[PDB]
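Written out below as structure tokens is the structure these notes cover.
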Amino acid sequence: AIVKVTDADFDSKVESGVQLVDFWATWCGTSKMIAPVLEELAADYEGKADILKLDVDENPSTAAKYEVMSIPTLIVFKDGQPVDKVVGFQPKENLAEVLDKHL
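PDB author numbering puts the first residue of the sequence shown at 2, with every later residue one more than the last.
Given below as structure tokens:
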């Protein structure tokens, strides 16, 4: 459902259209809390937007490149450029609202 992405293939994965990138970490309970919400979101947009995951401990470059300081952080990409940032826990509704704002 949700495709993993790393420093190595970020640029090729996030390059065209809309992607919602979830910057998470295994030591953060809040990331674990939104995981299921994103799996359901990814299904609702099974062809409009891609939902990716990036583990910040294994990919500090990318996390650093977009000034990701606190997590979870969710960034919406439009044709390779970040256009929206969401910090903390958010219910499916609030996230869907943000995606529709760019589709």
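Note that the Cβ used here is the ideal one computed from N, Cα and C, for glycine as well.
According to the Cβ coordinates, are residue i and residue j closer than 8 Å?
i   : j    : result
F11 : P73  : no
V19 : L100 : yes
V84 : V77  : yes
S17 : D80  : yes
On the criterion of 16 or more Cβ atoms from any shown chain inside 10 Å, does residue i qualify as buried, or is it exposed?
i           : result
residue 108 : Since the first residue shown for the chain is 2 and the last is 104, residue 108 is missing from the structure and cannot be characterised.
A2          : exposed
Whole angstroms is fine: what's the gap from residue i's alpha carbon to residue j's?
i    : j   : result
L75  : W28 : 17 Å
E98  : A9  : 30 Å
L104 : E40 : 19 Å
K49  : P92 : 19 Å
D51  : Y67 : 19 Å
Near residue i, what residues of its chain come up, given a Cβ to Cβ distance below 8 Å and the 5 sequence neighbours on each side ignored?
i   : result
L55 : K5, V6, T7, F11, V22, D23, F24, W25, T63 and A64
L53 : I3, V4, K5, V6, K14, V15, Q20, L21, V22 and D23
By alpha-carbon positions, which one of the options ends up nearest to residue i?
i   : options           : result
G30 : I52, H103 and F90 : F90
Can you give me the Cβ contacts of residue i inside the same chain, cut-off strictly under 6 Å, excluding the 5 residues immediately before and after it?
i   : result
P37 : none
Are there any heavy atoms of the ligand FMN lying less than 7 Å away from the beta-carbon of residue i, as far as the coordinates show?
i  : result
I3 : In terms of ligand content, the structure shown is empty, and the ligand FMN therefore cannot be addressed.
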